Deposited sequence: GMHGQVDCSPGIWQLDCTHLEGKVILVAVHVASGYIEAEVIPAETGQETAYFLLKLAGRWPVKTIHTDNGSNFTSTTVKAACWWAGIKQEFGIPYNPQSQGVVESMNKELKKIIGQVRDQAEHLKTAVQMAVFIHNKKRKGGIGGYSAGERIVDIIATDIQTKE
């Protein structure tokens, strides 16, 4: 849909938390392994994300994720308001499992899975589609 929409959710693996951001229009992913599911971690992740892409609106499958004072502060400062996402998360979880034995740390496997996901042609890749969608929206 719109090029400024991102969906953010956390998933749990090996007793750790993976924050996954999906650019809904392209299927492109950004992810980080965080110690715990806290408002401060979500707020910091949003500031990083908003500095890289033109983030207009955020969606989530857990609304209570965005109630903290810290998350509201990050969205205020950055000027952020509010099958694809389910499929992109499914694909990422599958890829982590496929590459997991190749690294010691879960965070390393997660970044290998993000790379594989973003570079896979579906014909363009999610990495190619996001830059095309954003560049076209500017011009």
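*Asks:* Going by C-alpha coordinates, which parts of the deposited sequence are missing from this model?
*Replies:* Coordinates drop out over 1 to 7, 90 to 100, 141 to 144, 162 to 164.
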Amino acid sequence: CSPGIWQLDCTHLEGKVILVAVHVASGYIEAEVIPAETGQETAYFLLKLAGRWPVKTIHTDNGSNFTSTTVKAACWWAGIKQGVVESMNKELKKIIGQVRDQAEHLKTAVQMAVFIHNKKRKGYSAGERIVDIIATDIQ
From here on, numbers count along this sequence of modelled residues.
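*Asks:* Using only C-alpha atoms and the B-factors in the entry, which stretch averages higher, 4 to 12 or 130 to 138?
*Replies:* Stretch with the greater average CA B-factor: 130 to 138.
*Asks:* If you average the CA temperature factors over each stretch, which comes out higher, 84 to 92 or 26 to 34?
*Replies:* Looking at the recorded C-alpha B-factors, 84 to 92 comes out higher on average.
*Asks:* So if I compare the CA B-factors in the entry for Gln111, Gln102, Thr42, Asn62, which one is the largest?
*Replies:* Comparing C-alpha B-factors across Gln111, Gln102, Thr42, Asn62, the maximum falls on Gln102.
*Asks:* Split into thirds by Cα B-factor across the chain's modelled residues, where does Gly51 land: lowest, middle or highest?
*Replies:* Its C-alpha B-factor, which the entry lists for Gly51, ranks in the lowest third among residues of this chain.
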